[PDB]
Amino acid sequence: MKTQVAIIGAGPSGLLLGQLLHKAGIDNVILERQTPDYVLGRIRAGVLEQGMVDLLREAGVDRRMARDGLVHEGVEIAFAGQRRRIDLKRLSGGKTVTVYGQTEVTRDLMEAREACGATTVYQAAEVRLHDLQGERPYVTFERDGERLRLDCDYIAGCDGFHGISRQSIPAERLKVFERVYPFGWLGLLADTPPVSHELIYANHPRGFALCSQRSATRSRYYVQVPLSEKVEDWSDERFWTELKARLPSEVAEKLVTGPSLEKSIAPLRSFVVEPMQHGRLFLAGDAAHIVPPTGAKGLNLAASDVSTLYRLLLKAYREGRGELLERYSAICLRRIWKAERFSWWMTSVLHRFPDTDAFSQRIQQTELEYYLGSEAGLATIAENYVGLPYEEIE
């Protein structure tokens, strides 16, 4: 079995890369540990940058998104009994963000891939990577008990945080940067209309809360909870009572509640590895970096890693410029670090941290007061929120 680019992981990253590659004539095979159904069960992302929206259009998978996606021109931040709106469009020079669930984006790509007839092996068990520095690397996996080998020119590790690709790079060649936060996000999906037409991020003494959405009749809410919490201790009723307690009274007042379609706790973490490649293996998305959800940058960074890898691979195949691939990491990391900085900043000003002294609490509040009340402060949030520009290459 042979292909040009072997892709590990059928999440957004792998599917997007595969689609862009297939369309340009570069054969690729995707290997996924789970089933199509399992991948589709993951709720995750709701906010997309314009760069991601354009990439989906380039991959020709934007019909449903253009129809069903919601374009947002602003977002709200509530703190100390007041709501402040950040006009993203005005402050960023015209850019906006699009609310379209990750489940939907993944569904669209999966359908697009099937229609084109490109190769995808689900339930590819025990994927192993070999000869990463040779001229002929290969991947081995198990399908129903028999060990199969897939030869390729390059391997793109799009297998997420717990994937095999990052583990395959000799640990001594990698530099890891990580911060674990002492809290997580308890999320709840409901078939109820959102409380607002725009997102509301709330810093409240009891903890952080976020009112998001998926469509006109589907909402997604989150509340900060300590790491010791188990999802089974949070009944739907306990969640709604808690969410209401963390929102401004006039917002809590018009909130339509309902049974949860999904509930889960996601721990917050920052993680980056340098470099993002090794020989003929290139890491993309959650395989190379994790950002806390506060900034809505994760899936969006994966999109830029992919956009970059795809363009470099095109140059390598179409133009015989294989040496440009050595620049992958340097190009990606520039954008990754600025997005990590933004996600870290958002996280630190919106959440309540344990054992915080009086000085820090006051500085936290003043950070909000300053950035939300200054035209220059508002602009720094806005340009980062809509997403910083992608790098050209070369």
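So that there is no doubt, residue numbering starts at 1 and follows the sequence shown.
S.K.: Decide which of the stretches 148 to 156 and 173 to 181 has the higher mean C-alpha B-factor, going by the entry.
M.R.: Mean CA B-factor is higher for 173 to 181.
S.K.: Comparing 385 to 393 with 3 to 11, which stretch shows the greater average C-alpha B-factor in the deposited entry?
M.R.: So the stretch with the higher mean C-alpha B-factor is 385 to 393.
S.K.: Out of 367, 357, 32, 49, which residue has the highest Cα temperature factor in the PDB record?
M.R.: Spelled out: the listed residue with the top C-alpha B-factor is 357.
S.K.: Checking the record values for 194, 298, 187, 81, which has the greatest CA B factor?
M.R.: Among 194, 298, 187, 81, the PDB entry lists the largest C-alpha B-factor for 81.
S.K.: With respect to C-alpha B-factor, does residue 143 fall in the lowest, middle or highest third of the chain as deposited?
M.R.: CA B-factor rank for residue 143: highest third.
S.K.: Should residue 217 be placed in the lowest, middle or highest third of its chain by the C-alpha B factor in the entry?
M.R.: Its C-alpha B-factor belongs to the highest third of this chain's values.
S.K.: Ranked by Cα temperature factor within the chain, is residue 20 in the lowest third, the middle third or the highest third?
M.R.: Ranked within chain, residue 20 CA B lands in the lowest tercile.
S.K.: How does residue 317 rank on Cα B-factor within its chain, lowest, middle or highest third?
M.R.: Highest third - that is where residue 317 ends up once the chain's C-alpha B-factors are sorted.
S.K.: Test of reading the entry: by CA B factor among the chain's modelled residues, which third contains residue 248?
M.R.: Highest third, going by the recorded CA B-factors of the chain.
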